[PDB]
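Engineer: Sequence below, structure please.
(6 chains, ligands or ions: 1)
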Amino acid sequence: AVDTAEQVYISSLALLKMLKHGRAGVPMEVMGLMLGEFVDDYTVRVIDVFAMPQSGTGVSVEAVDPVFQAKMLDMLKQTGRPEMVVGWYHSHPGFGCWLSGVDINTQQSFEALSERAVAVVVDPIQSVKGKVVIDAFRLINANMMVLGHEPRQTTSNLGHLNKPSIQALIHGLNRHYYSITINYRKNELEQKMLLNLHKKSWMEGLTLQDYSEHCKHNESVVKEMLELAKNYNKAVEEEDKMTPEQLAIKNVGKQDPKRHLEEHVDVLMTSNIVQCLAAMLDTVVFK
Amino acid sequence: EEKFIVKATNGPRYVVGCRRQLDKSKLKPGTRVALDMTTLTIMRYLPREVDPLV
Amino acid sequence: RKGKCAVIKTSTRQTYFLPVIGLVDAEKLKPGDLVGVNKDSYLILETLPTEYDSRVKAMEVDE
Amino acid sequence: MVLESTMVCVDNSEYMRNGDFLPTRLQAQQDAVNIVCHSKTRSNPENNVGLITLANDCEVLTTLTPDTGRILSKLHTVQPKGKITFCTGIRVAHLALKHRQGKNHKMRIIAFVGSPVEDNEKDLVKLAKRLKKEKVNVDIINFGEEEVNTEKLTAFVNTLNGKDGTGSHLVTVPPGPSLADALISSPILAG
Amino acid sequence: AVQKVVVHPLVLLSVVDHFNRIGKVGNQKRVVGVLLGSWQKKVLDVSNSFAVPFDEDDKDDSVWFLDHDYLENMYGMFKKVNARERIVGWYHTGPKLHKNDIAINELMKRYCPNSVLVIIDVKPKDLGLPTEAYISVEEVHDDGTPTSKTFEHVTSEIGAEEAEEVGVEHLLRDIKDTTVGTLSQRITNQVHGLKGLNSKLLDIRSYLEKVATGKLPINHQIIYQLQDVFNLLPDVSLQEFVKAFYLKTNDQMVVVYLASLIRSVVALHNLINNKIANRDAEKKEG
Amino acid sequence: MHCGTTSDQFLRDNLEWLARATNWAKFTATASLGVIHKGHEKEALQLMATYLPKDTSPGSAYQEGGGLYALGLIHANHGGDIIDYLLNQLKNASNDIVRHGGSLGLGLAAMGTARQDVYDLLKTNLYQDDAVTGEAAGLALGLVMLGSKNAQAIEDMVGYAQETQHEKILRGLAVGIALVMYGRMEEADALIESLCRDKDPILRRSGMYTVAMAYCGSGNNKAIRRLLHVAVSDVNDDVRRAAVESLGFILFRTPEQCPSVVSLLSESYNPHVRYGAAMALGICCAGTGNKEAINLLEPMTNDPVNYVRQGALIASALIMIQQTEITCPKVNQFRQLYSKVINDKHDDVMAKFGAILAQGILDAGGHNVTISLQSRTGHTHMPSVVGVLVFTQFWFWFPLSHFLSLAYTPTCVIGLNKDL
Ligand SMILES: [Zn+2]
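Structural biologist: Residues are numbered from 1 along each chain as shown, chains lettered A, B, ... in the order given. What follows is the structure:
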């Protein structure tokens, strides 16, 4: 009878594999298996994550083929992947990320070997593209109902675990079903390779190609955007002619939610492209 | 011209975008089209017909 | 890039979109009912002609 | 039982269809591969057997696996091109021994040589020094000949064969109309 | 045949995994991975990929080790779980193109269709684009050399469709979006000269070295087009472009009037509230 | 409240309220007992041995680990240390109790000795790659290496940092290399400046925690540039909430100048800079009577985030100590601090933790003992700064708050003429 404060390490491998698996996350139930290595009690690291073929039955213990699982795991053992399985993941579209009776039964059956048995449910269907916040699930012991529910130390990270604060699922089904915190990790090779890879993904090939395109489109296409920009500017100035009357009458309180200032600041920012690219044309013409 | 309003058979209405493959030929209004559950993209249209016309 | 499609109507009065798919079809492609369909993929897998209005189907069932 | 890997190198030159010897003995040594793979299967079915030729552009026909059901099919379509290649024929398997699944399987590589060797004695002592260095069991089987059978290959084997106690054996077959199966099955390597 | 390709960062992060699962052995050779993609459409789209144990020899370069059963099993199971993607080609992490790559690529030319080749760098120190699509096609040469496999550079782009943009953006939390305006423009206008300076300066030095110290024909025929296009801009006297400088400078004047006038409009609320707020708060404070 | 007075009679009421759960709560209970009584050469070891002198096999080893950690709390900076016996007791092989608690107790008892023996056994104690015994090994190595400045130790720790994946080893060696740096103002410029650009955020916090005690006394106006520059510029909130602790540790001299420059950080962008800034107001105005933080405590105590509420109650608890009501109107923070234990039903589980934990600060020692950041001559106390920084290190590991008793400086007078 002892418990610690565990935290699931999530690298970009399992993340991107759950993003491609979320793209393949059809309404039909899907299956997946997580791998890794157990170094101590209160830490768990995932490295290898793959997908499983779909079945008409869906998420179930019968769909997990032991000769296929052990066959692929053996083919990972003959390669440079000497990691044992650490858990299984799946997708729950529509009805929420909670776990049904079948999922908790195959979780109870799959947790006999690994005491941790990390469970992750990805649901990118109804989640907006602004946040990719994912949560890992855990199974509590049925004999711990007499004593405290979760005797987990280091209660600081629970404030970060309070971000999924839906008022129906977390404490709507929190009995006999709790969760765990999630952190990330990134080395310098992922930082510089993925950082320079994304900057290059927003940059050009030689980085000098599409500059003169806009530098010379300022004279052909942007002129229409400058004339229309002046049409919006005058289209606001026609009301700014009426503003000094109200400002000359009341001077107390603000009733119009429009600021008429920051939009024109943005118009000036779009208009400064001519100034910033004029020096570019000066460099291209010079040398 | 790029994004228009669609009317589903079930009753609720939505708005969709334009796919990079198709053009504005069949995109004109008055032509029944098809949509996708993910991203509400447009694969192709749906030509109308009738029962005795079959 | 050949044109081939079909119009589907579920029992719950919901219309979806899908092309003509499945196995080798000989007596299929007719406007009938009782076809094979999965949970949400809505594909055609097993088509078999169906009755209903049993008042005419079971007119005189004699072996 | 015996845990070891088996690698065979067969010749695909046109020197294997001459009418003086057996009638296209390629099938005969194919049956030799069949009886040694089925014999090792009867001894220990967990042994993996690879298949590769000695042509200029060496191609792995079958990965090391105990399932010979598809190896029987892969023994066909020999593509009779090229004459002989020795250096990358040794290096294509002796260096590929590290890709096996079972690390406990000992290293054993045989080869069917049906063409005269093009490498000089310097390459024979460098490759023999490499194979004796890495300590791999090497069985040399020479089918057919034009010049004398073993003139420099004798010193090639004597300098290549280390661990005189229960070490490797040399297979030298003389001319004769009899089959090669019983003649190569005489040493202890078969069985 | 193919004009451009699309490579997702998932395969390059799988090369990060190639550099992760090494195990500190001391080899770090050009590990060859089996590239996967969609060859159906004219444009190539890489979704994911996997690897195969690949080992070469120290001295002899012609040694190469591949696997057919592992390729048919990983490709068979991957096709069983996802049949929308099939084999297309391969890629190596080595920075130098060796001679054995014709034999390594020849296997996937025989068994698989025309394979595309991608050369990347083991260390992400290169500022340029790490991915270069090299099509494996045989071209006829004018000098009379026998027909051989030629690797022509196909342009490539690094883009993500739906989710990898969100995952990368959440994992970084340091990179910025387009953000048109002052900073995103002036950073490009500052570092662009180094972005061309490291490329040109890095290339013309070994180029000039191979001019005098070069043999084994390097296709000197294309050098005539090189210096030709370089001499297609013979220091124009700018006589005709003066009126174009009057047009672009007149647009500059338009930006001057827009900035001065619009900012003069912005000065209204500031230069009014500064008085009416201070004098009323002061006269009503006590 | 029972520190120094050795009043175990409150814990003698019943045994079902302490040993009812087998977890770290009993370790913190025995460590708290070590905070209760201190300065005993016979009643300490005898009192720890009298608890179960029957079979010499306790079912819960947290009593033994808390006996070693509590003994280290008792014999802190004493001249009659039992370290010689603690080496033969540390030689015994046990599961993480003598390692963690024995390392903390032995390192605290051997603080400032700079002995190479505790360095060797400490290194062979951290050579097991474990994060807990390496965390306690770092906490003990920083204490024992006070002023030693060994050549191979810094490079061995920073070299031992990036070769492991655990985080408690990185924070333990972070405080380990942080506390070792004292008086190296003219030395650690290139070390901290070089280690500031490290890719590891934990070590990035270790550079600021390390430069905190190095620049005490407001002797360097340069480190604040990169302290606030990494507090605002960096995207990770670890160095952002761990940044301004060095700012308070170097600017502890003037209590008035702090709220003028941290008032912007009171209500910052993210709640992490609000919490770390709450620690900054807690450490900079402690023991003083400056109301420039007290008038700013009212906006800190009301916010949907429980972090700024917890650090707001702690910062409010560090100022109200040693203060009379007739001088300043403290009724607001007394009443709002008293309403948290009755309002705990509708509050968070950690908000009541920091609430009653903040209420234990004023009642500490029965208003007799207090804390002080500097001595009477103006010099600052080393165990006071160590005790307050480790006291602020309770976020990652809560049982580390037991080192607050090292900063308790009772305020009184002495008119002792003769020794007897
Ligand atoms: Zn479901």
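Engineer: Count residues in the vicinity of the spatially closest residue to residue D:98 that is not a sequence neighbour, would you?
Structural biologist: Taking CB to CB, 6 or more residues apart in numbering or on different chains, and ignoring the residues beside it in sequence, residue D:98 has residue E:55 as its nearest neighbour in space, at 6.9 Å. C-betas here are computed from N, CA, C, even on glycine. Neighbour count of residue E:55, defined by other CB atoms under 10 Å in any protein chain shown: 16.
Engineer: hang on, isn't residue E:55 packed against residue D:92?
Structural biologist: No. At 11.1 Å, residue E:55 and residue D:92 do not qualify as touching, with contact defined as CB atoms under 8 Å.
Engineer: Which neighbours do these two have in common?
Structural biologist: By CB atoms under 8 Å, 6 or more residues apart in numbering or on different chains, residue E:55 and residue D:92 have these common neighbours: residue E:65.
Engineer: ok, back up a step: wasn't the residue nearest to residue D:98 part of a helix?
Structural biologist: No. Per DSSP: H, G, I helix; E, B strand; the rest coil, residue E:55 lies outside any helix segment and is coil.
Engineer: now it: how far from residue A:80?
Structural biologist: Separation of residue E:55 from residue A:80 (CB to CB, to the nearest Å): 12 Å.
Engineer: Would you map the helices across chain D?
Structural biologist: Counting by DSSP state H, one finds helices in chain D at the ranges D:26-43, D:69-74, D:87-94, D:121-134, D:153-160, D:181-184.
Engineer: Pick out the residue of the stretch 51-200 of chain F closest to chain A.
Structural biologist: Among the residues of the stretch 51-200 of chain F, residue F:199 lies nearest to chain A; the distance is 4.9 Å by CB to the nearest CB.
Engineer: which parts of the stretch 301-420 of chain F sit against chain C?
Structural biologist: The stretch 301-420 of chain F has no residues near chain C, with proximity defined as CB under 8 Å from any CB of the partner chain.
Engineer: what ranges do the helices span in the stretch 301-420 of chain F?
Structural biologist: In order along the chain, the stretch 301-420 of chain F carries the following helices (DSSP state H, counting those that start in this stretch): F:306-317, F:331-338, F:349-362, F:382-392.
Engineer: Highest mean neighbour count across those, which stretch is it?
Structural biologist: Among the helices of the stretch 301-420 of chain F, helix F:306-317 has the highest mean neighbour count (mean count of other CB atoms under 10 Å in any protein chain shown), at a mean of 25.
Engineer: which ones are touching residue A:264?
Structural biologist: The contact partners of residue A:264, by CB under 8 Å, 6+ apart, come to A:233, A:236, E:262, E:265-266.
Engineer: excluding its backbone neighbours, what's nearest residue D:112?
Structural biologist: Beyond its immediate neighbours in the sequence, the residue positioned closest to residue D:112 (CB to CB, 6+ apart) is residue D:10, lying 4.7 Å away.
Engineer: For residue A:173, pull up the helix or strand it's in.
Structural biologist: With elements taken from DSSP states H and E, nothing contains residue A:173; it lies in neither a helix nor a strand.
Engineer: Burial check on it, number of neighbours?
Structural biologist: If you count neighbours by other CB under 10 Å, residue A:173 ends up with 12.
Engineer: ok, back up a step: dump the contacts of residue A:264 to TSV, plus secondary structure and distance to chain F.
Structural biologist: Listed next are these as TSV, based on DSSP: H, G, I helix; E, B strand; the rest coil; distance: CB to the nearest CB, whole Å:
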residue	secondary structure	distance to chain F
A:233	helix	33
A:236	helix	31
E:262	helix	30
E:265	helix	31
E:266	helix	26
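Engineer: hang on, the earlier thing: quick one, phi psi at the residue nearest to the residue of the stretch 51-200 of chain F closest to chain A when sequence neighbours are not counted?
Structural biologist: Spatial nearest neighbour of residue F:199, excluding adjacent residues (CB to CB, 6+ apart): residue A:188 at 4.9 Å. Its backbone dihedrals place residue A:188 at phi -70, psi -30, with angles given as degrees, to the nearest 10.
Engineer: for residue F:66, same thing?
Structural biologist: Backbone torsions of residue F:66, given as degrees, to the nearest 10, read phi -70, psi -20.
Engineer: Tell me how many other residues crowd it.
Structural biologist: By other CB under 10 Å, 28 other residues sit near residue F:66.
Engineer: list the contacts for it?
Structural biologist: For residue F:66, the contact set (CB under 8 Å, 6+ apart) comprises F:26-31, F:33-34, F:101.
Engineer: for chain E, what are the nearby residues on chain B?
Structural biologist: Near chain E, when you scan chain B using CB under 8 Å from any CB, you find residue B:39.
Engineer: residues from the stretch 51-200 of chain A in reach of chain C?
Structural biologist: Taking CB under 8 Å from any CB as the measure of proximity, the stretch 51-200 of chain A contacts chain C at residue A:56.
Engineer: mind listing the strands for chain A?
Structural biologist: Shown for chain A, the strands assigned by DSSP state E span residues A:7-10, A:31-37, A:43-52, A:84-91, A:118-122, A:136-139, A:177-180, A:182-184.
Engineer: coming back round to it: mean neighbour count added to the helices of chain D, as TSV?
Structural biologist: Output for the helices of chain D, formatted as TSV (neighbours: other CB atoms under 10 Å in any protein chain shown):
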stretch	mean neighbour count
helix D:26-43	17
helix D:69-74	12
helix D:87-94	20
helix D:121-134	15
helix D:153-160	16
helix D:181-184	16
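Engineer: Helix or strand: which one has the closest residue to chain F within the stretch 1-150 of chain E?
Structural biologist: For the stretch 1-150 of chain E and chain F, the shortest gap (CB to the nearest CB) falls at residue E:24, measuring 10.7 Å. In this assignment (DSSP H and E), residue E:24 forms part of neither any helix nor any strand.
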